[PDB]
Amino acid sequence: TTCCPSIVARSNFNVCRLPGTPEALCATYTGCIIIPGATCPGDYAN
């Protein structure tokens, strides 16, 4: 599950993913995160 700290981080994440970039790289590129669960925390609400 991906969680993002802000809307713009998420928007940048989704663009990063368009070419097929691994989520882990899109995460460090944006400040988004990968968690094993499905429940994003309040500070990664987007």
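Here Cβ is always computed from backbone atoms with ideal geometry, including for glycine, and neighbour counts include all displayed protein chains. Here, each number is a calculation from the coordinates, and none is a lab measurement.
Entry remark, the stretch 1-40: residues being free of Cβ contacts under 8 Å to residues at least 12 places away in the same chain, in a helix (DSSP H, G or I) and either touching an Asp or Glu at 6+ places or on another chain (Cβ under 6 Å) or not small (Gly, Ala, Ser) (or both) number 6 in total. Of everything in the stretch 17-46 that's closer than 11 Å to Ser6 by Cα and among the hydrophobic types (A, V, I, L, M, F, W, C), which residue is surrounded by the most Cβ atoms within 10 Å (Cβ to Cβ)? In this case the residue turns out to be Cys32.
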